[PDB]
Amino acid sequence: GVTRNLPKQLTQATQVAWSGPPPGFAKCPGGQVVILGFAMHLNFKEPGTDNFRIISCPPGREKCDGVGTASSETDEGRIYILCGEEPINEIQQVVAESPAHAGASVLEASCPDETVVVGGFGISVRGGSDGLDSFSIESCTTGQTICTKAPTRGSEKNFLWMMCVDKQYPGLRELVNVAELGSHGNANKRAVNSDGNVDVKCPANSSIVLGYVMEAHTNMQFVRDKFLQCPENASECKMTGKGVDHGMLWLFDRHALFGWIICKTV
């Protein structure tokens, strides 16, 4: 492209966040193609860890196709893409996940030879109706050659997605990643669109390039609207919980508001 400057190129590209039954797909605006992105399959009700998956969105396509199958209503897809006129060929994406029953160890992923981290995030999870009690998110760190995610809070699976770039790419040093876990625990269906919040903040003197916020929920099929891109050049990205709870009798659905951004120096 005419601009060789990673903060500017990433800010000017269009973000798209899509929710629906998996695998699904998210489409770039007409005339644009994928630069980077991810597709998730998530299910925070059914047992086990097979229903958690992240894959990268390959560049240069008009859409990003998702992953996983719609076996129950509680299976959901969440797809995030950044679209522009052409790919940034210096970017390479990496995903990793732990095997079933190998979640007690630290997950590690490395950038391809001679590249370094632009950004990304890792998540740890557990299945079952209470499994969001073990949810965590950690950002990857710009300028490293690796990203890792460690188990915590009783989690049984780790997964991560990151973007890497040639080490000399202009402007890389101006970028910083932030991930946040906000309100989490039992959901409250009487807090009208006000069931806790997440507030992902840039460090002082930086503003948002891209990112997203999401409500994770036992019943993901009822919080599809709670998945949104983060606003360019804002100081923070915020979202409230919807206030949804399909638990029977005395049982509460669980939720977790979380997000991830890349910020750039102002």
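For every residue, the number given is its place in the sequence shown, counted from 1.
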| property | result |
| --- | --- |
| Of 27-35 and 49-57, the stretch whose C-alpha atoms average the higher B-factor in the entry | 27-35 |
| Entry-level comparison of average CA B-factors, 84-92 and 170-178, reporting the higher stretch | 84-92 |
| Residue with highest C-alpha B-factor in the PDB entry, from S194, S72, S139, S136 | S72 |
| Per the PDB entry, maximal CA B factor within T148, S98, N186, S124 | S98 |
| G120 - which third its CA temperature factor falls in, relative to the rest of the chain | lowest |
| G77, C-alpha B-factor rank within chain (lowest, middle or highest third) | lowest |
| Third of the chain, ranked by Cα B-factor, where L6 sits | middle |
| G211 - which third its CA temperature factor falls in, relative to the rest of the chain | lowest |
| CA B-factor placement of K63, once the chain's modelled residues are sorted into thirds | middle |
